[PDB]
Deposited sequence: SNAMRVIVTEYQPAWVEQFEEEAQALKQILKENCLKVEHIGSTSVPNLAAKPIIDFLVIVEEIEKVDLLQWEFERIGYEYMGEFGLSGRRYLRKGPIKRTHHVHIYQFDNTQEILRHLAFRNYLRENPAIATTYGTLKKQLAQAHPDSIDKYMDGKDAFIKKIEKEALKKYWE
């Protein structure tokens, strides 16, 4: 379910980001907070999204069971080339980790530009939050129907243009 923005999401991000870095070690170039919970004052599902950028993606497979040990399902690419995707937890969904190699610039910028653009455009973020709240009031049953797509693609495009300016 979508809630009003929770400042605590930042705490949650930073705590888990440290946990992730302990596992990834030198292969981890950067962990970024992404997705709606990374945009102050944006209404969102309380699921923290992590963008983890690594030197070598195949090396992350060696760590599958370390991630399982801290509660992740290790999903592999899960449909996106070059990604390693992690989700937890088994009781309720709380953390989504999107791991990419440093040379996957399209995916890395898709996430960072989208975030940066919403942070700089509160009116657009408000439009997005309002839409999400409206959707939840229409599909409480279906997360499939819930999962905004045309709006997100439009904004991602505006965001990537803005990224270079």
Ranges missing from the model, given as deposited sequence positions: 1 to 6, 154 to 155
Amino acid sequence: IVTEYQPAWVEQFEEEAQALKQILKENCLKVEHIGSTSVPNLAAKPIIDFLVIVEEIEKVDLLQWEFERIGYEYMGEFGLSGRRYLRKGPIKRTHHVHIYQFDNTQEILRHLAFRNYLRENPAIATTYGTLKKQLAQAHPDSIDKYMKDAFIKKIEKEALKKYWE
From here on, numbers count along this sequence of modelled residues.
Stretch exceeding the other in mean C-alpha B-factor - 138 to 146, 17 to 25: 138 to 146
Segment of higher mean CA temperature factor, 128 to 136 or 102 to 110: 128 to 136
Ranking every modelled residue in this chain by its Cα temperature factor as given in the entry, which third contains residue 40? middle
Is the Cα B-factor recorded for residue 1 in the lowest, middle or highest third of its chain? highest
Sorting the chain's CA B-factors, does residue 68 end up in the lowest, middle or highest third? lowest
On the chain's distribution of Cα B-factors, residue 57 falls within the third called highest
